[PDB]
């Protein structure tokens with residue numbers, strides 16, 4: 001499974017970063033929260049896979 005947000009742990013790539021940086025503050029913070037949940041689940045799966053689950 002590939003890291004879904006490899007740029008600064010929060011963005012897909014440069015155009016995605018620029019898009020999020022152009023948004024209103026509330027929308028940006030909501031998307032960053034959503035992405036932090038995605039990243040936690042990604043890391044948890046990576047950990048379980050490394051242990052042989």
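Here the Cβ is made from the backbone with ideal geometry for all residues, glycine too, and neighbour counts use every protein chain on show. Every read-out reported here was derived from the displayed coordinates using simple, explicitly stated rules and does not represent laboratory data.
A full extension of the chain between residue 31 and residue 10 corresponds to an added length of 6.6 nm, given 0.36 nm per residue minus the alpha carbon distance. Between residue 53 and residue 18, full extension at 0.36 nm per residue minus the direct alpha carbon distance yields a gain of 8.9 nm. Considering all C-alpha pairs of the chain, those separated by over 17 Å amount to 41%.
Modelled label positions at residue 1 and residue 38, each set 7 Å beyond Cα in the direction of Cβ, lie 1.3 nm from each other.
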